[PDB]
Amino acid sequence: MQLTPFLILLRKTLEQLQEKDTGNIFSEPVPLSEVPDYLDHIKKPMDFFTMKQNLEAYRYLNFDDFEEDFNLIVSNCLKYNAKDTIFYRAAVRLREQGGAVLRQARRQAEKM
Ligand SMILES: CC(=O)c1c(C)[nH]c(-c2csc(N3CCNCC3)n2)c1CCC(C)C
């Protein structure tokens, strides 16, 4: 397919995913200065600002590479935070609500 419509769709999809993060807790990198142990078990931090940078740097050329980074946002938060926290439940909610956004976008991408 053609590059420009695909990037437009990824931009729209990323905005829809960010809208599901109502607390904006995934909008910028986890502040490593305030979480010194974050990287002890988190191999690759991810957040929506970094995703936007990657999108605009042409790093996402298929849907699965975009979805992989979204899945890291979720999985990193589930891994670091205890189950009884707001952050763990926020990642569950984002997995569910964002999963629906992504399925719809992939169906748009497949019609291109
Ligand atoms: C660990 C985690 O999954 C996180 C996610 C998804 N977002 C953020 C976040 C955004 S801003 C911020 N601040 C600024 C105010 N002081 C506290 C740290 N933390 C975290 C770290 C939370 C930890 C400190 C309990």
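Scope of the values below: all heavy atoms of this structure, side chains included, with no hydrogens, waters or symmetry mates. Here, residue 1 is the first one in the sequence, and each next residue gets the next number.
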**Request:** Indicate the atoms forming the closest heavy-atom contact of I25 with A90, along with that distance.
**Result:** CD1-CB, 3.8 Å
**Complete:** Distance col, row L78:CG vs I73:CD1, nearest 0.5 angstrom, shows 12.0 Å
**Request:** With rounding to the nearest 0.5 Å, note down the distance linking CG in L55 to CG in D65.
**Result:** 11.5 Å
**Message:** Looking at every heavy atom in both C77 and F26, which two are closest together, and how far apart are they?
**Reply:** SG-CE2, 3.7 Å
**Asked** Is there a path from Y58 to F63 through hydrophobic residues (I, L, V, M, F, W, Y) whose side chains come within less than 4.5 Å of each other?
**Response** yes
May I have the list of side-chain donor-acceptor pairs in residues 104-112 shorter than 3.5 Å, sequence neighbours left out?
unit_1	atom_1	unit_2	atom_2	d
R106	NH1	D64	OD2	3.3
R106	NH2	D64	OD1	3.1
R106	NH2	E67	OE1	2.7

**Item:** Counterpart residues, side chain to side chain contact (heavy atoms under 4.5 Å, CB included), relative to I86 (two or more places apart)
**Value:** none
**Item:** Spacing of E68 atom CD and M51 atom CE [to the nearest 0.5 Å]
**Value:** 10.5 Å
**Request:** Using the side chain to side chain donor-acceptor pair (under 3.5 Å) rule, collect all pairs that involve residues 19-36, keeping only residues at least two apart or in two chains.
**Result:** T22-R93
**Prompt:** Looking at residues at least two apart in the chain, or sitting in another chain, which of them share a ring pair (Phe, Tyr, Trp, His ring centres under 6.0 Å) with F6?
**Reply:** none
**Message:** If you define the side chain from C-beta out and look only at heavy atoms, does anything of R11 sit under 4.5 Å from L7?
**Reply:** yes
**Request:** Classify the ring geometry between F48 and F70 as parallel (under 30°), tilted (30 to 60°) or perpendicular (over 60°).
**Result:** parallel
**Contacts of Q53 that satisfy side chain to side chain contact (heavy atoms under 4.5 Å, CB included) - sequence neighbours left out** = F49, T50
**Message:** Can you list everything that forms a side chain to side chain donor-acceptor pair (under 3.5 Å) with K52? Sequence neighbours excluded, please.
**Reply:** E56
**Prompt:** So how far is it from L102 CG to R95 CZ, rounded to the nearest 0.5 Å?
**Reply:** 13.0 Å
**Request:** State the CE-CG distance between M1 and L9, to the nearest 0.5 angstrom.
**Result:** 8.5 Å
**Residue pair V30 / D47, side-chain heavy-atom distance below 4.5 Å** = no
**Fill in**
Looking only at heavy atoms, the pair that brings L3 and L61 closest together is CD1-CD2, 3.9 Å
**Fill in**
Applying side chain to side chain donor-acceptor pair (under 3.5 Å) to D84 and not counting sequence neighbours gives none
**Complete:** For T85, the side chain to side chain donor-acceptor pair (under 3.5 Å) test, sequence neighbours excluded, returns none
**Asked** Do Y60 and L14 come close enough that some side-chain heavy atom pair is under 4.5 Å?
**Response** no
**Request:** For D69, check salt bridge (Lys or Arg N to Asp or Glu O under 4.0 Å) against everything at least two apart and list the hits.
**Result:** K44
